[PDB]
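As stored in input.csv (CSV, C-alpha atoms):
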chain,number,residue,atom,x,y,z
G,4,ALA,CA,6.3,-25.7,-4.9
G,5,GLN,CA,9.0,-23.6,-3.2
G,6,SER,CA,10.5,-21.4,-5.9
G,7,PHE,CA,7.3,-19.5,-5.8
G,8,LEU,CA,8.7,-17.8,-2.7
G,9,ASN,CA,11.9,-17.2,-4.8
G,10,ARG,CA,9.6,-15.4,-7.3
G,11,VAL,CA,8.1,-13.5,-4.3
G,12,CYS,CA,11.3,-11.9,-3.0
G,13,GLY,CA,11.7,-10.4,-6.5
G,14,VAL,CA,14.9,-8.4,-6.4
G,15,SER,CA,15.4,-7.2,-2.7
G,16,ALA,CA,15.9,-8.8,0.7
G,17,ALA,CA,15.0,-12.5,0.1
G,18,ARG,CA,15.3,-12.9,3.9
G,19,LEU,CA,11.7,-14.2,4.0
G,20,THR,CA,9.9,-16.9,5.8
G,21,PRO,CA,6.5,-18.4,4.9
G,22,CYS,CA,4.1,-16.9,7.4
G,23,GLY,CA,1.9,-20.0,7.3
G,24,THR,CA,1.1,-22.8,4.9
G,25,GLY,CA,2.7,-23.4,1.5
G,26,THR,CA,1.7,-22.0,-1.9
G,27,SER,CA,-1.8,-21.0,-0.6
G,28,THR,CA,-3.5,-18.2,1.3
G,29,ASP,CA,-3.8,-17.9,5.1
G,30,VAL,CA,-6.8,-16.9,7.2
G,31,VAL,CA,-6.8,-13.9,9.6
G,32,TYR,CA,-9.4,-12.1,11.7
G,33,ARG,CA,-9.3,-8.4,11.1
G,34,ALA,CA,-11.5,-5.3,11.2
G,35,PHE,CA,-12.8,-3.6,8.1
G,36,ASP,CA,-14.7,-0.5,7.2
G,37,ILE,CA,-16.9,-1.7,4.4
G,38,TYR,CA,-20.0,-0.4,2.5
G,39,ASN,CA,-21.6,-1.7,-0.6
G,40,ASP,CA,-24.8,-3.2,-2.1
G,41,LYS,CA,-25.4,-5.3,1.0
G,42,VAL,CA,-23.3,-5.3,4.2
G,43,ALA,CA,-22.4,-1.9,5.6
G,44,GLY,CA,-20.5,-0.7,8.6
G,45,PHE,CA,-17.2,-0.8,10.4
G,46,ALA,CA,-16.6,-4.1,12.2
G,47,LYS,CA,-14.7,-7.3,12.4
G,48,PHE,CA,-14.5,-9.9,9.6
G,49,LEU,CA,-12.3,-12.8,8.6
G,50,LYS,CA,-10.1,-12.2,5.6
G,51,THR,CA,-8.8,-15.2,3.9
G,52,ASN,CA,-7.6,-14.8,0.2
G,53,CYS,CA,-4.1,-13.6,1.2
G,54,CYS,CA,-0.7,-15.2,1.6
G,55,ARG,CA,1.4,-13.6,4.3
G,56,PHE,CA,5.2,-13.8,4.4
G,57,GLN,CA,7.5,-12.3,7.0
G,58,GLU,CA,10.7,-10.5,6.3
G,59,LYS,CA,13.6,-11.7,8.4
G,60,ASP,CA,16.1,-9.1,9.7
G,61,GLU,CA,19.8,-9.7,9.6
G,62,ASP,CA,21.0,-12.2,12.2
G,63,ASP,CA,17.8,-14.0,11.3
G,64,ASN,CA,15.8,-11.7,13.4
G,65,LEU,CA,12.0,-11.4,12.9
G,66,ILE,CA,11.8,-7.8,11.8
G,67,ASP,CA,8.5,-5.9,11.8
G,68,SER,CA,7.4,-6.0,8.1
G,69,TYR,CA,5.5,-8.3,5.7
G,70,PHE,CA,5.2,-9.2,2.1
G,71,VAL,CA,1.5,-9.8,1.4
G,72,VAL,CA,0.6,-11.5,-1.9
G,73,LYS,CA,-3.0,-11.6,-2.9
G,74,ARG,CA,-4.8,-13.7,-5.5
G,75,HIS,CA,-7.6,-12.0,-7.5
G,76,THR,CA,-9.6,-12.3,-10.7
G,77,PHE,CA,-8.1,-10.9,-13.9
G,78,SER,CA,-9.6,-7.7,-15.0
G,79,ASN,CA,-8.8,-6.7,-11.5
G,80,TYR,CA,-5.2,-7.4,-12.4
G,81,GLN,CA,-5.1,-5.1,-15.4
G,82,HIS,CA,-7.1,-2.4,-13.7
G,83,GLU,CA,-4.8,-2.3,-10.6
G,84,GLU,CA,-1.8,-2.4,-13.0
G,85,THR,CA,-3.1,0.6,-14.9
G,86,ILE,CA,-3.6,2.6,-11.7
G,87,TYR,CA,-0.3,1.6,-10.1
G,88,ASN,CA,1.6,2.6,-13.2
G,89,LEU,CA,-0.3,5.9,-13.2
G,90,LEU,CA,0.4,6.7,-9.6
G,91,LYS,CA,3.8,5.1,-8.9
G,92,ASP,CA,5.5,8.4,-8.1
G,93,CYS,CA,4.1,9.8,-4.9
G,94,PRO,CA,6.2,8.8,-1.9
G,95,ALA,CA,3.4,7.7,0.3
G,96,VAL,CA,2.5,4.6,-1.8
G,97,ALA,CA,3.7,1.1,-0.9
G,98,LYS,CA,5.7,-0.2,-3.8
G,99,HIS,CA,3.7,-3.0,-5.5
G,100,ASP,CA,4.7,-5.8,-7.9
G,101,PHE,CA,2.3,-7.6,-10.2
G,102,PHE,CA,2.9,-10.8,-12.1
G,103,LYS,CA,1.5,-14.2,-12.9
G,104,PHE,CA,2.5,-17.6,-11.4
G,105,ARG,CA,1.4,-21.0,-12.6
G,106,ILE,CA,0.2,-23.4,-9.9
G,107,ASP,CA,-1.6,-26.2,-11.8
G,108,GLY,CA,-2.4,-25.5,-15.4
G,109,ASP,CA,-3.0,-21.9,-14.4
G,110,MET,CA,-0.7,-18.9,-14.6
G,111,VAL,CA,-2.9,-17.1,-12.1
G,112,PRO,CA,-2.2,-13.3,-11.6
G,113,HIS,CA,-0.7,-12.5,-8.2
G,114,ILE,CA,-0.2,-9.1,-6.6
G,115,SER,CA,2.7,-8.7,-4.1
G,116,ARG,CA,2.6,-5.7,-1.8
G,117,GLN,CA,6.0,-5.3,-0.2
G,118,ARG,CA,7.3,-4.2,3.2
G,119,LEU,CA,3.9,-3.3,4.8
G,120,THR,CA,3.0,-3.6,8.5
G,121,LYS,CA,1.1,-6.2,10.4
G,122,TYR,CA,-1.8,-4.1,11.6
G,123,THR,CA,-3.6,-1.5,9.4
G,124,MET,CA,-4.7,1.7,11.0
G,125,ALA,CA,-8.2,0.2,10.9
G,126,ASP,CA,-7.1,-2.3,13.5
G,127,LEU,CA,-5.8,0.4,15.8
G,128,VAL,CA,-8.8,2.6,15.5
G,129,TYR,CA,-11.2,-0.3,16.2
G,130,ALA,CA,-9.3,-1.6,19.1
G,131,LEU,CA,-9.4,1.8,20.7
G,132,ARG,CA,-13.1,2.2,19.9
G,133,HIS,CA,-14.5,-1.2,21.1
G,134,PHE,CA,-12.0,-1.6,23.9
G,135,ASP,CA,-12.7,-4.4,26.4

Please go through the file and, once you have read it, give me the structure as structure tokens.
Amino acid sequence: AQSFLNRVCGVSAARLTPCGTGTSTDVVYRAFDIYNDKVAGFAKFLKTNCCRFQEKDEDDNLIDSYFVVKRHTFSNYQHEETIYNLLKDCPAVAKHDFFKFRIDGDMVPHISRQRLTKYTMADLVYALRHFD
């Protein structure tokens, strides 16, 4: 629906615009620095399980910030919740907000990271390494 976005703005600056489709994620092509039980290295991939939303400055200006909500699993939700509650005090931590929103018959957990920036430092570093 639409009131999902109303749930997204939470308590501050609801001057938001959908940064793509409706109540679903959007696809982006970004660099990562990954390492696990298979793939390994620092290179470009295609992230998808994320819904972007842009904050709109006063006078309806397109400010430079974003609200990024991500869908997940579940144990992930409680784990991340635990850690965030444990660490919420250092200044250099983007204020998160966790909740659950029902789409179909499914109060799926959603994680909203607030007032971030478009391009992670990873993007900058890559673009300066593999310049063309």

Polymer residues at most 9 Å from range 12-15 of chain G, only C-alpha atoms, same-chain spacing of 6 or more positions, as a ChimeraX atom specification: /G:70,100,117

Minimum-distance residue to residue 19 in chain G, chosen among G:51, G:79, G:39, G:57 (using all atoms listed in the file): G:57

CA of residue 36 in chain G to CA of residue 11 in chain G, distance in Å rounded to a single decimal: 28.7 Å

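Taking CA of residue 80 in chain G as the reference point, CA of residue 96 in chain G is found at 17.8 Å.
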
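Nearest to residue 23 in chain G of all the residues G:87, G:7, G:101, G:56 is G:56, counting all atoms listed in the file.
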
Working from the structure I just supplied, which lacks atoms in range 71-96 of chain G, can you model N, CA and C atoms there and output them as a PDB file, keeping the file's coordinate frame?
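Result went into result_3.pdb, see below:
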ATOM      1  N   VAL G  71       2.849  -9.259   1.464  1.00  0.00           N
ATOM      2  CA  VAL G  71       1.500  -9.800   1.400  1.00  0.00           C
ATOM      3  C   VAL G  71       1.190  -9.979  -0.090  1.00  0.00           C
ATOM      4  N   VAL G  72       1.001 -11.222  -0.502  1.00  0.00           N
ATOM      5  CA  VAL G  72       0.600 -11.500  -1.900  1.00  0.00           C
ATOM      6  C   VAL G  72      -0.893 -11.845  -1.817  1.00  0.00           C
ATOM      7  N   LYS G  73      -1.635 -11.329  -2.772  1.00  0.00           N
ATOM      8  CA  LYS G  73      -3.000 -11.600  -2.900  1.00  0.00           C
ATOM      9  C   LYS G  73      -3.354 -12.149  -4.260  1.00  0.00           C
ATOM     10  N   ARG G  74      -4.253 -13.122  -4.289  1.00  0.00           N
ATOM     11  CA  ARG G  74      -4.800 -13.700  -5.500  1.00  0.00           C
ATOM     12  C   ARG G  74      -6.105 -12.972  -5.800  1.00  0.00           C
ATOM     13  N   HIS G  75      -6.509 -12.953  -7.056  1.00  0.00           N
ATOM     14  CA  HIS G  75      -7.600 -12.000  -7.500  1.00  0.00           C
ATOM     15  C   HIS G  75      -8.430 -12.664  -8.531  1.00  0.00           C
ATOM     16  N   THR G  76      -8.812 -11.839  -9.498  1.00  0.00           N
ATOM     17  CA  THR G  76      -9.600 -12.300 -10.700  1.00  0.00           C
ATOM     18  C   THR G  76      -8.690 -12.195 -11.892  1.00  0.00           C
ATOM     19  N   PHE G  77      -8.940 -11.189 -12.720  1.00  0.00           N
ATOM     20  CA  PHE G  77      -8.100 -10.900 -13.900  1.00  0.00           C
ATOM     21  C   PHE G  77      -8.203  -9.489 -14.299  1.00  0.00           C
ATOM     22  N   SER G  78      -9.391  -9.099 -14.758  1.00  0.00           N
ATOM     23  CA  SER G  78      -9.600  -7.700 -15.000  1.00  0.00           C
ATOM     24  C   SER G  78      -9.191  -6.827 -13.875  1.00  0.00           C
ATOM     25  N   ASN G  79      -9.403  -7.324 -12.657  1.00  0.00           N
ATOM     26  CA  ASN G  79      -8.800  -6.700 -11.500  1.00  0.00           C
ATOM     27  C   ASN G  79      -7.315  -6.489 -11.680  1.00  0.00           C
ATOM     28  N   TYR G  80      -6.613  -7.507 -12.179  1.00  0.00           N
ATOM     29  CA  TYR G  80      -5.200  -7.400 -12.400  1.00  0.00           C
ATOM     30  C   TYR G  80      -4.816  -6.231 -13.258  1.00  0.00           C
ATOM     31  N   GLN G  81      -5.434  -6.169 -14.435  1.00  0.00           N
ATOM     32  CA  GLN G  81      -5.100  -5.100 -15.400  1.00  0.00           C
ATOM     33  C   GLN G  81      -5.479  -3.758 -14.902  1.00  0.00           C
ATOM     34  N   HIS G  82      -6.624  -3.669 -14.232  1.00  0.00           N
ATOM     35  CA  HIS G  82      -7.100  -2.400 -13.700  1.00  0.00           C
ATOM     36  C   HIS G  82      -6.083  -1.869 -12.660  1.00  0.00           C
ATOM     37  N   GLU G  83      -5.806  -2.686 -11.647  1.00  0.00           N
ATOM     38  CA  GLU G  83      -4.800  -2.300 -10.600  1.00  0.00           C
ATOM     39  C   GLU G  83      -3.498  -1.959 -11.254  1.00  0.00           C
ATOM     40  N   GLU G  84      -3.081  -2.717 -12.268  1.00  0.00           N
ATOM     41  CA  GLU G  84      -1.800  -2.400 -13.000  1.00  0.00           C
ATOM     42  C   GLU G  84      -1.855  -1.030 -13.547  1.00  0.00           C
ATOM     43  N   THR G  85      -2.920  -0.720 -14.279  1.00  0.00           N
ATOM     44  CA  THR G  85      -3.100   0.600 -14.900  1.00  0.00           C
ATOM     45  C   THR G  85      -2.901   1.672 -13.796  1.00  0.00           C
ATOM     46  N   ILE G  86      -3.641   1.541 -12.699  1.00  0.00           N
ATOM     47  CA  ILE G  86      -3.600   2.600 -11.700  1.00  0.00           C
ATOM     48  C   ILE G  86      -2.210   2.710 -11.091  1.00  0.00           C
ATOM     49  N   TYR G  87      -1.594   1.581 -10.747  1.00  0.00           N
ATOM     50  CA  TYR G  87      -0.300   1.600 -10.100  1.00  0.00           C
ATOM     51  C   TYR G  87       0.723   2.308 -11.005  1.00  0.00           C
ATOM     52  N   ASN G  88       0.737   1.939 -12.283  1.00  0.00           N
ATOM     53  CA  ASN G  88       1.600   2.600 -13.200  1.00  0.00           C
ATOM     54  C   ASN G  88       1.312   4.105 -13.265  1.00  0.00           C
ATOM     55  N   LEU G  89       0.043   4.472 -13.135  1.00  0.00           N
ATOM     56  CA  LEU G  89      -0.300   5.900 -13.200  1.00  0.00           C
ATOM     57  C   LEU G  89       0.175   6.644 -11.975  1.00  0.00           C
ATOM     58  N   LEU G  90       0.261   5.976 -10.834  1.00  0.00           N
ATOM     59  CA  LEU G  90       0.400   6.700  -9.600  1.00  0.00           C
ATOM     60  C   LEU G  90       1.757   6.355  -8.879  1.00  0.00           C
ATOM     61  N   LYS G  91       2.680   5.677  -9.555  1.00  0.00           N
ATOM     62  CA  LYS G  91       3.800   5.100  -8.900  1.00  0.00           C
ATOM     63  C   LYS G  91       4.767   6.088  -8.273  1.00  0.00           C
ATOM     64  N   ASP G  92       4.470   7.373  -8.403  1.00  0.00           N
ATOM     65  CA  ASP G  92       5.500   8.400  -8.100  1.00  0.00           C
ATOM     66  C   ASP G  92       5.366   9.041  -6.777  1.00  0.00           C
ATOM     67  N   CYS G  93       4.173   9.151  -6.215  1.00  0.00           N
ATOM     68  CA  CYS G  93       4.100   9.800  -4.900  1.00  0.00           C
ATOM     69  C   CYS G  93       4.827   8.942  -3.883  1.00  0.00           C
ATOM     70  N   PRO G  94       5.483   9.581  -2.920  1.00  0.00           N
ATOM     71  CA  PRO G  94       6.200   8.800  -1.900  1.00  0.00           C
ATOM     72  C   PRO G  94       5.369   7.940  -1.044  1.00  0.00           C
ATOM     73  N   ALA G  95       4.165   8.375  -0.703  1.00  0.00           N
ATOM     74  CA  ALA G  95       3.400   7.700   0.300  1.00  0.00           C
ATOM     75  C   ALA G  95       2.572   6.530  -0.320  1.00  0.00           C
ATOM     76  N   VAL G  96       3.214   5.723  -1.155  1.00  0.00           N
ATOM     77  CA  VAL G  96       2.500   4.600  -1.800  1.00  0.00           C
ATOM     78  C   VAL G  96       3.426   3.373  -1.651  1.00  0.00           C
TER      79      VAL G  96
END
